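Just the one chain here, the form solved without the named molecule, laid out as structure tokens.
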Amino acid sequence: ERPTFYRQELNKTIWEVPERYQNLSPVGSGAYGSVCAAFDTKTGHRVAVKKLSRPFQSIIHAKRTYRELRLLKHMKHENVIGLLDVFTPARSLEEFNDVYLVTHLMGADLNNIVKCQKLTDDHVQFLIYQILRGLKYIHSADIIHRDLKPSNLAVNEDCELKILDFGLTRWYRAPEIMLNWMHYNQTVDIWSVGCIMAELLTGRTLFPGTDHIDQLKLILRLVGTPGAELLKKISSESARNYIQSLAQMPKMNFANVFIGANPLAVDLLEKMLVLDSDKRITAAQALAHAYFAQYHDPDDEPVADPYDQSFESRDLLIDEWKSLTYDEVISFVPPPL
């Protein structure tokens, strides 16, 4: 059975949602799409409704629409955006051109944290803990975020944190994906967490590059130029030539860079901000670091069910992706409240 939909216009955007969703209010817009806060009369909960922008403009867009829905239908973890609902006003595949996603409303993100701020910076411990707990789950299913930044980490008034916009500026980007030295593994997201943790402790962007060249220069100033064992592993000759053409920079003492920060924080930052992705701490390892002694519980840091990413290698028409997306909308089952 299909519920009753109602139509309204907000910021030059048509919203057509089921009547259970009331008091739609814009909170966000951009390339990623448009988001309204609403009230869900069924649950009694405050929700965020996202309308995808131009979901089927190109094969690239249509495949991205499919990828987002598949990723969001998979995530069942306290520190990762979960789907309460997905719908289209469309009555059949033929007039399917709009997709709406629904999740629990989150008031803020890591750019604007005040309701969490305390003198001892014990809030940093809890926020990074929740990021690592979410990344452990995502990483266990072979999902890498790749673009983690403060604006992608949503925060409640309770200071509960969730990762969103995953599996899909340059300040938080790992050196190896900015260029493509050794390709990349899951630890590209641990680099980003390092940069975020650094920014929460100091109040400044760790590495605010103006371009890719300035960005790499700011990074090598802290971590130092690659050693013998790292140079050996760069398969790109363009990258390897550039690194070696620069003057040698030493690795700095982090204790002096992050002066007066918690020495357990400085030690974790040293394990996260290593050039060589093979020796960078993993999310599972970082959770067991003494910095998180108060929060860490090995029996409450769950892993994900296996995730079928075979679709990623497939080359289909806009209409094939659109039909595959329509099937995922129909087969959706909300979590048992």
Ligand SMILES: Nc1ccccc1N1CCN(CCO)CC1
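The term rigid core refers to the maximal set of C-alpha atoms that superpose within 1.5 Å between the two forms. The first residue of the shown sequence is 1; numbering continues from there.
Heads up, the form deposited with the named molecule bound isn't pictured, but that's what we're talking about next.
The named molecule in the deposited complex comes within 4.5 Å of a heavy atom belonging to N156.
Although the partner is absent here, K162 sits close enough that one of its heavy atoms falls within 4.5 Å of the named molecule in the deposited complex. With contact defined as any non-hydrogen atom lying within 4.5 angstroms of the named molecule in the deposited complex, the contacting residues in 38-73 are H45, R46, given in sequence order. In a rigid core superposition between this form and the one not shown, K51 is the single residue of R280, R70, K51, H289 whose Cα is displaced by 2 Å or more.
In the core-superposed comparison between this form and the one not shown, the C-alpha atom of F207 has shifted by less than 2 angstroms. Once the cores line up, the CA of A37 ends up 2 angstroms or more apart between this form and the one not shown. After superposition on the rigid core, the Cα of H123 moves by less than 2 Å between this form and the one not shown. Relative to this form, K149 and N11 separate from one another in the deposited complex, with their C-alpha atoms ending up at least 3 Å farther apart.
Wider separation of the C-alpha atoms of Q125 and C116, by 3 angstroms or more, is seen in the deposited complex than in the present form.
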